[PDB]
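In the form deposited in one PDB entry, a lone chain appears below as structure tokens.
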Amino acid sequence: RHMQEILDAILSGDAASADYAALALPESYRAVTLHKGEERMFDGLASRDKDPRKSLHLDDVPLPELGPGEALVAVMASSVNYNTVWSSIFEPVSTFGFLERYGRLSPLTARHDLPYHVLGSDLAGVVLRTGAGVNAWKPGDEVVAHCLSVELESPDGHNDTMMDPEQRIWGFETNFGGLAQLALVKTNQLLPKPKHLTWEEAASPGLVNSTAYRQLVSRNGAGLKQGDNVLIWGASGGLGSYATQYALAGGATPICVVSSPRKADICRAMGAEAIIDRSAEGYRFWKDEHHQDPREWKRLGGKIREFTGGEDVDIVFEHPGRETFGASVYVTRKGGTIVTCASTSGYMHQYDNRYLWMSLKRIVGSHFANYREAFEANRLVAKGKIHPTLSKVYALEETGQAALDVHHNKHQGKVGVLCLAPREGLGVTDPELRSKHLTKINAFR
């Protein structure tokens, strides 16, 4: 069987590029899919009551046709992201609608409109084949992927590709995602695998790490500098588990927000010291459905100042959205920045503009990362400066359960998924660098 021979060559460690080019491609591959017919199955239920285990299937699907500028990748491991969860509960809309509408553009785009949607927006693995015009990547190259799919035909993205008007999120607005044994990506999504990490660890930072890097570190986001005070909501989640690391590695002070003493201890394990538990404080920023309580804004602001010696934060790392956003704007220092990439609790934000203009603050929208920012974020991982935050790993066959844990907030850092990898622990080729950092690497386990 051809898939087993691909895995055997990977595990062998001796296969050269010519060997991979010679290996026969399988005729099908195992993939975690949504089914088009079942897209209304959660109709009328509440969001908590929607169960990804009901809609996620394990299918054998044919290999898509390789186009120019693309690579076929044998996937050793992937991860669950929030966008995967939303996809699995057909929220906010069935991902199938875009796939069909986009597919009518050209024959190449049409490959993605199918009765099934292969999900997954992270990958770690090995290049099998490359389409026409590809020089920078060869069969056998060990890779991770970022999830930005840009065509770059418009000039708009040529000073920062996040401005491309035709940007899709791989595995979400494209098919052939990474929760599968094989994946199709553009070669400009490919990055060198950090050699000191396992397959599942290498696959875990991708989406959240690059997002946090752009949002906090890069000049396209908050432009952090050493000495800054930074409020980090959700500091032990996927995004926060990288944002906290960037604040500390950058010489800044994180004020970490968590919802349980258990999460607080992980932040201390990361090296943070100023930690706020939103439950124990019992913040109620909203009096009712339509009115906020500035007394509760001010109470958050006083709690921050206890940790900073009377200083207000230079940057708020936002993502919870409507519930917290009025407080985020209020507590930010004169001249400071609220940077936002999400609105988990609701996207209709309300805030008092007097604080924004009279104190010269700014709200900066950020989304994923361009290839240079993705490369820089992955490079900091490769250098041992930023660490994966895996808490639990599931086999591909159990992806539905992994999605539900994330949906219900059962875990802390990243939830990983094995794909072709037969067990955890494989893929390390820099044991010296790994052993220097193993304690941090395992801090979320």
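From 1 onward, residues are counted along the sequence shown. Definition used throughout: the rigid core is the maximal C-alpha set that superposes within 1.5 Å between two forms.
The form deposited in another entry is left out here; the points below concern that form.
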Worksheet item: Which residue, 173, 160, 296, 113, is displaced 2 Å or more at the Cα between this form and the one not shown after superposing the core?
Response: 296
Practice prompt. Note yes or no: does the Cα of residue 361 move by 2 Å or more between this form and the one not shown after the core is superposed?
Written response: yes
Discussion item. Following rigid core alignment, is the displacement of the residue 315 C-alpha between this form and the one not shown equal to or greater than 2 angstroms?
Written reply: yes
Worksheet item: Rigid core fitted, is the C-alpha displacement of residue 328 between this form and the one not shown 2 Å or more?
Response: yes
